[PDB]
Structures are given as C-alpha cells and as structure tokens.
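Working notes, beginning with the structure itself.
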Amino acid sequence: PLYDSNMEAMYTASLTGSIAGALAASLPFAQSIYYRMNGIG
Amino acid sequence: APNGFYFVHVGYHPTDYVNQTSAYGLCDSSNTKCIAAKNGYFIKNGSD
C-alpha cells in the first residue's frame, strides 16, 4: 500500500484527537460528552 | 466537461493563527443571568 501502517495509524490518531470540538476549541472529553448530551433533550 | 461535470468550489482556508484562551460563558456574580457566544468567542484583553 501507498502509506505505511504507522502513517495510517498516525492519521487515525490525529482524527481521534479532534473529536472534542463543540460550540477550533480544545475541550475535555467529559465536557464534550455533556455538551453532546444536552442537544438530544 | 468532457463526459461529465467540472466542479469548482471556493473555500476559506485560514492561514495564520494565534494562541488565545476563552471561557464557557460570562455570567452574573450570584449566577443570576449568564450569556454565551453566538458564532464567536469571548477573549479577555488582559485587564479583565
């Protein structure tokens, strides 16, 4: 394949480190989960 | 386009960033009335 295993793993890890988001802004995971839960009702 | 459609999109692409800190939202001293940002952020000048 074009990219090595570590390349794909690093891209996946950088995707993991930007899920927080909300409201870019860096947030703790607990606060992000709370803000996601507030939108449902 | 030849045998298809040619699409052009105009992005935004910010290129120069700065390092500041914001807050979840300013509120009253005794939590009486509290505000929050509407497509924006709240930044202190340095002297509150």
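Labeling convention for the structure tokens: chains A, B, ... as they appear, residues from 1 per chain, ligands from 1 in order of appearance.
For chain B, the residues within 12 Å of chain A are residues 14, 17, 18, 19, 20, 21, 22, 23, 24, 25, 36, 37, 38, 39, 40 and 41 of chain B, with only C-alpha atoms used to measure distance.
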Can you spit out the residues from that selection as a short mmCIF file (atom, residue, chain, number, x, y, z; two decimals), in the first residue's frame, using N, CA, C and O atoms?
```cif
data_model
loop_
_atom_site.label_atom_id
_atom_site.label_comp_id
_atom_site.auth_asym_id
_atom_site.auth_seq_id
_atom_site.Cartn_x
_atom_site.Cartn_y
_atom_site.Cartn_z
N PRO B 14 -8.15 29.44 6.40
CA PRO B 14 -7.33 30.34 7.23
C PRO B 14 -5.88 29.88 7.26
O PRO B 14 -5.60 28.68 7.28
N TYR B 17 -2.64 31.80 12.47
CA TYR B 17 -3.38 31.57 13.70
C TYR B 17 -2.70 32.27 14.86
O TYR B 17 -1.54 32.70 14.77
N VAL B 18 -3.43 32.38 15.97
CA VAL B 18 -2.94 32.99 17.19
C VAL B 18 -3.39 32.13 18.37
O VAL B 18 -4.33 31.34 18.26
N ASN B 19 -2.68 32.27 19.49
CA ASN B 19 -2.89 31.44 20.67
C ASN B 19 -3.52 32.30 21.76
O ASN B 19 -2.83 33.07 22.43
N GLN B 20 -4.83 32.15 21.95
CA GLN B 20 -5.56 32.84 23.00
C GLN B 20 -6.41 31.84 23.77
O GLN B 20 -6.51 30.66 23.40
N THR B 21 -7.03 32.31 24.85
CA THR B 21 -7.89 31.49 25.68
C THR B 21 -9.24 32.16 25.86
O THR B 21 -9.33 33.39 25.96
N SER B 22 -10.29 31.36 25.89
CA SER B 22 -11.66 31.84 26.02
C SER B 22 -12.31 31.20 27.24
O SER B 22 -11.66 30.53 28.04
N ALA B 23 -13.61 31.43 27.39
CA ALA B 23 -14.38 30.90 28.51
C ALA B 23 -15.65 30.25 28.00
O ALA B 23 -16.07 30.46 26.86
N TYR B 24 -16.26 29.43 28.86
CA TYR B 24 -17.52 28.79 28.50
C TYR B 24 -18.65 29.80 28.40
O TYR B 24 -19.55 29.64 27.57
N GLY B 25 -18.63 30.83 29.24
CA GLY B 25 -19.63 31.88 29.17
C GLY B 25 -19.62 32.77 30.39
O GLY B 25 -19.52 32.30 31.52
N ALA B 36 -23.78 33.61 26.56
CA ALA B 36 -22.93 32.69 25.83
C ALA B 36 -22.80 33.18 24.39
O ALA B 36 -23.64 33.95 23.90
N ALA B 37 -21.75 32.71 23.72
CA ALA B 37 -21.40 33.25 22.41
C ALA B 37 -22.36 32.77 21.33
O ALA B 37 -22.83 31.63 21.35
N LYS B 38 -22.64 33.65 20.37
CA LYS B 38 -23.44 33.34 19.19
C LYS B 38 -22.53 33.50 17.98
O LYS B 38 -22.45 34.59 17.41
N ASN B 39 -21.88 32.41 17.58
CA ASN B 39 -20.93 32.35 16.47
C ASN B 39 -19.80 33.36 16.73
O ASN B 39 -19.75 34.48 16.23
N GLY B 40 -19.00 32.98 17.72
CA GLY B 40 -17.90 33.83 18.15
C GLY B 40 -17.29 33.30 19.43
O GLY B 40 -17.58 32.18 19.86
N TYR B 41 -16.43 34.13 20.02
CA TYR B 41 -15.73 33.76 21.24
C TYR B 41 -15.53 34.99 22.10
O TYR B 41 -15.59 36.13 21.63
#
```
- Write out as a PyMOL selection string each polymer residue whose atoms come within 12 Å of segment 9-19 of chain A, counting only C-alpha atoms; drop sequence neighbours fewer than 5 positions from it. chain A and resi 3-4+24-33+36
- Task: Please indicate the distance in Å from atom CA of residue 30 of chain B to atom CA of residue 45 of chain B, rounded to one decimal place.
- Result: 23.6 Å
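Going from atom CA of residue 34 of chain A over to atom CA of residue 32 of chain B, you cover 22.1 Å.
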